[PDB]
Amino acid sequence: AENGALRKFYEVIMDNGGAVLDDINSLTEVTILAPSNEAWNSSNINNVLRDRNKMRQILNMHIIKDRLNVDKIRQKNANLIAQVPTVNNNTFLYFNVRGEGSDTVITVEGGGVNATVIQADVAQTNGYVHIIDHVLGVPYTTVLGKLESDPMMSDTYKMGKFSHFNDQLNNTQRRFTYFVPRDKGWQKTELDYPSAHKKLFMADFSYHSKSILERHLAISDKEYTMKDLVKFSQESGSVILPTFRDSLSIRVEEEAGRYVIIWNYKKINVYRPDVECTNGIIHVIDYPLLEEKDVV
């Protein structure tokens, strides 16, 4: 697209303030992820498109406070995954790069959205511009849809299959807040409790794995953003959320920009907070809510 995409990006900025344009021009380095025109339409963001306050938040997360081209992205993700900050100080992004040359496939994950770069390295004065096929910050998948499409959630998604725990996550009549342990988290659990870990991924113990996951799943009429949990555990003592057959009592705090979860005697870092979905929100955590009282 490019031609159509960029003008559309600016048109959207015009409809919602213009304040966005100020922040962009006040940056020494800036990289914009401009959704294709097809992305701005098929997104059917008709709902939020009218909310000028939200549109600004959506627009802001498409603006990277840095000079980032394909090469730089590849490099930054060499050792670990680089979480890239945006104008939206409540949303960061990160990329995944596959193949090389004309076979290169670049995708980005942000605000609950996974988009593919359909055009990259468009030069700019202080940076670059890339065209993506989806509008970040506007989920087009349910919690379940996300779980099957996010490689980082592969273990938790697979574990929820043995007991058909996942089935329910497609329901649009409820709102789920799923605290999803990332793959690295389950791998760590494998080192801590190799036998119990082998069991969680066995049909024979579907009951156990379901019980473990239901502990991570909050079901209510509303979804809780990490910022909500903080406010709750701040005004009140801790936070109490309804799970499937019981409840979840945790406490959330801010720590050097990241959010932290205090469950029982454990402290787990929230790796990807607020991964919004159409029927809820997902919070990727560093380690699963597990004590060795569920292992022996």
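Throughout, we count residues from 1 along the sequence that is shown.
When the mean C-alpha temperature factors of 58-66 and 44-52 are read from the deposited coordinates, 44-52 comes out higher. As listed in the deposited structure, the average C-alpha B-factor of 179-187 and of 87-95 is greater for 87-95. Among 269, 28, 31, 37, the highest C-alpha B-factor in the deposited entry belongs to 28. Which of 156, 119, 114, 170 has the largest Cα B-factor in the deposited entry comes down to 170. Sort the chain's modelled residues by C-alpha temperature factor and residue 222 lands in the highest third, per the entry. Among all modelled residues in this chain, the alpha-carbon of residue 12 has a temperature factor (C-alpha) in the middle third. Among the modelled residues of its chain, residue 130 has a C-alpha B-factor that falls in the lowest third according to the deposited record. Residue 145: CA B factor in the lowest third of modelled residues in this chain (values from the PDB entry).
Among all modelled residues in this chain, the alpha-carbon of residue 100 has a temperature factor (C-alpha) in the highest third.
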